Amino acid sequence: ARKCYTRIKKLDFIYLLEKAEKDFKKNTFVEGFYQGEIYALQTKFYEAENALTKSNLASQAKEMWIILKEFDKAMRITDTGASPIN
Amino acid sequence: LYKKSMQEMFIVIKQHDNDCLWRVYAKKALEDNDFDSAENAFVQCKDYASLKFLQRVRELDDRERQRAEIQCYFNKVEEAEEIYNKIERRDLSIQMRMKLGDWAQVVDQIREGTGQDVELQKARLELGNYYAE
């Protein structure tokens, strides 16, 4: 993955790459979140939303999709997503 | 853009709403060390990667590392190396060069610089792999 992301000049993908390799050893390393981040790194967003909605990552999808300031669709997502914390 | 302020720029550019105009507005906003205008322009342009870039940027302390990371983000690295050099703290430049994937420059920088053996051997092995492939 590093060789492929280095052969062509890319900065965000390689950043996600060292984040993934640092997070692999400790945390559970769920492939759904990283697949969705890879999908959302391009312009196509809806399939990334579907991917995060697939297994269980509603809250992370909400916090991910807030950063780009169109809060209406974030509310649309949070109407279905729950917050199992306390 | 060059004579008037930022808010009326945003107001007069919202009507046209073109990719090139938004891009140039964002470049001007970031060149003046302004992030609110830059993040607004990227949000209007519907670019997620640039928003991730800015989010990574905003957690910085010094006034010069932000400049260097932005300018090496755009397309150009030599001025970033020079600003690292004037700021000193060279291992930052070495890390930037090694993550960018250019190994010959890393080998040239390491030679006669510190004399540490391990990273020189690793860089030479990586450069040999790069030449073999």
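Quick reminder, even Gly has a Cβ in these numbers, built from the backbone with ideal geometry, and neighbours come from all protein chains shown. Bear in mind these aren't lab numbers, they're just calculated from the coordinates by the rules spelled out.
Numbers at a glance
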| item | result |
| --- | --- |
| ³J(HN,Hα), Karplus 6.51/-1.76/1.60, whole Hz, each residue of segment B:80-97, x for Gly, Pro | 5, 4, 5, 5, 3, 4, 6, 6, 6, 6, 5, 4, 4, 5, 4, 5, 4, 5 |
| Size of charge dipole - the protein assembly as shown - debye, nearest 20, with Cβ of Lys, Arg +1 and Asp, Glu -1, no other charges | 320 |
| Exposure proxy order (Cβ contacts within 10 Å, fewest to most) of B:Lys86, B:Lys46 | B:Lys86, B:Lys46 |
| Segment B:1-56-segment A:1-24 distance, computed between alpha-carbon centres (Å) | 27 |
| Rounded to 10°, Cα long-axis angle of helix B:6-16 versus longest principal axis of chain B | 80 |
| Neighbourhood charge, 14 Å Cβ-Cβ cut-off, centred on B:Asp91 and excluding it, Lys, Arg +1 and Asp, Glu -1 | +2 |
| Charge dipole (debye, nearest 20) of chain A; +1 at Cβ of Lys and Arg, -1 at Cβ of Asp and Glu | 460 |
| Folded to 0 to 90 degrees: helix B:48-57 orientation relative to chain B principal axis, Cα | 70 |
| Scattering curve values for chain A, log₁₀ I(q)/I(0), Debye with Cα scatterers, q = 0.23 Å⁻¹ | -1.21 |
| Principal-axis tilt of helix A:12-24 within chain A, Cα atoms, nearest 10 degrees | 80 |
| Bins of 10 Å from zero: percent of alpha-carbon pairs in the protein assembly as shown | 7, 25, 30, 24, 12, 3, 0 |
| Shape metrics for segment A:1-46, restricted to C-alpha atoms - Rg then Dmax, Å | 11.3, 31 |
| Residues of type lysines that B:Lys86 reaches as a straight line, Cα spacing below 30 Å, ignoring anything fewer than 8 places off in the same chain | A:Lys9, A:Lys10, A:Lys19, B:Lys27, B:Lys28, B:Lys52, B:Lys76, B:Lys99, B:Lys122 |
| Anchor A:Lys54: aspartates and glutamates whose Cα lies under 15 Å away (excluding residues fewer than 8 positions away in-chain) | A:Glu31, A:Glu37 |
| Reference-scaled alpha-carbon Rg (2.2 N^0.38 Å with N residues) for segment B:31-88 | 1.18 |
| Compactness index (Cα Rg / 2.2 N^0.38 Å), chain B | 1.35 |
| Length released on extending from A:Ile38 to A:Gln60, taking residue separation times 0.36 nm less the Cα-Cα span | 6.5 nm |
